[PDB]
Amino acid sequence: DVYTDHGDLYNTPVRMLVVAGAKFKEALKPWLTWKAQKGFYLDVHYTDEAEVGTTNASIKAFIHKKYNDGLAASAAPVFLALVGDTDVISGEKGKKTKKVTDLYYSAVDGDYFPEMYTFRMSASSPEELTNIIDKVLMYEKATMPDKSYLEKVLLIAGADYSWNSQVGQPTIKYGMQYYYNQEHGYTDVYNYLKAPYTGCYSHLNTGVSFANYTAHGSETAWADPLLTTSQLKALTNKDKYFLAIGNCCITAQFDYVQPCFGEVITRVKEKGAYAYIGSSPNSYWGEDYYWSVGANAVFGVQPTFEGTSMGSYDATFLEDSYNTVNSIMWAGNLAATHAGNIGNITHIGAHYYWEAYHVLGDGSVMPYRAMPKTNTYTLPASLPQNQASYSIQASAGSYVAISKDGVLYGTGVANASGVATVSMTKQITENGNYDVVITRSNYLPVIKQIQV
């Protein structure tokens, strides 16, 4: 079925194509340096290059050729990072949504589904891009001073006199029943099922790892309980950055005359989110219900895990797969698509949802699920020069990367017996301190060095 044929795009070695506005060259460097250190093979291009350009058609042609060439060489990009607002990378109007979308950068030349996990670091200045990057680096390197906020979430079924009880509450209650609960490590599941909502957004300030709102939205607000872009700019969650998901209308409409909610929540300095998932056009109650919970969910009936297909919540908590921000969105879209395929009540085509939902901020982040675990490994005392590979001990499934000065030299995934064969695409031929990074979904990163 669609889940088998069009599942999680994540693969190793991780490869990322980056297309960035030329103004961002300096500000982007620390993000690129870290992505290389953690094992991403990067192909980085700026819109001031003739082969890229600043116009939709050239950027799209450039990306599609990179993807096709990569695939032919058994090295397809996994991620596509768009760096800039619509003044430098425009997107285009959805065929179904009639609103801006980045989908066609990733759907190569004739395909329904994206070929790459695409996200947009939308910034109007280098300073704003730095704001996003610094939050991402704190989160991914786990350098936050107090990790207790990771064990807390905020879940809101927002106001609608009729739909809140029919769909909003069932959505949030499903998430809490199966995942966002004490038995998964969450000490504080702040949840608002209906009015009174007073106090709900103060939890963004005191600290949560995740905020999910489902009900009405506008380009610059979660409508009720109200959270506007003005309020975002006044948040105080220093060192406590979250993933936010707005299952509502138009909060990710990133070509609006004013910065949209999704842009502001990621752009704000030392507060707000490291990433946002939301919709560029309108969203709808049925389709968002399926997106979060899975297909077969019914209005006014509490859905079960056994009675629904895989939705975004379900995918998030699979340990093995769907471990990136982009993959959470993908899972949601798949569920809405499946719901249509098997004949659930839908009044819009699945094409619309793939055009609608976007990641703003860094979609390549692997979110923690409550408190992340401590990894186990052994660091060798030295690396002999001129080797095609090294054997590095790390827990099964861990991804090990060897680098120096932001140049990635080799990567490998630890097998079931706790040994990674790190394939050296660039061999070590000079003395120096080499960086070794080991990452794994819901584990604290290991960031060390080995002297050669």
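For every residue, the number given is its place in the sequence shown, counted from 1.
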Mean Cα B factor from the PDB record: higher for 337-345, or higher for 144-152?
337-345
Select between 217-225 and 70-78 the stretch whose C-alpha atoms have the higher average B-factor in the entry.
70-78
The largest CA temperature factor among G361, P380, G272, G207 is found at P380
Looking at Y139, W291, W163, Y174, which has the highest Cα B-factor in the entry?
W163
Place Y197 in the lowest, middle or highest third of its chain's C-alpha B-factors, as listed in the PDB entry.
highest
Lowest, middle or highest third: where is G262 by Cα B-factor in its chain?
lowest
Test of reading the entry: by CA B factor among the chain's modelled residues, which third contains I438?
lowest
Assert third(CA B-factor, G300) within chain per record equals highest
Ranking the modelled residues of this chain by C-alpha B-factor as given in the entry, is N247 in the lowest, middle or highest third?
middle
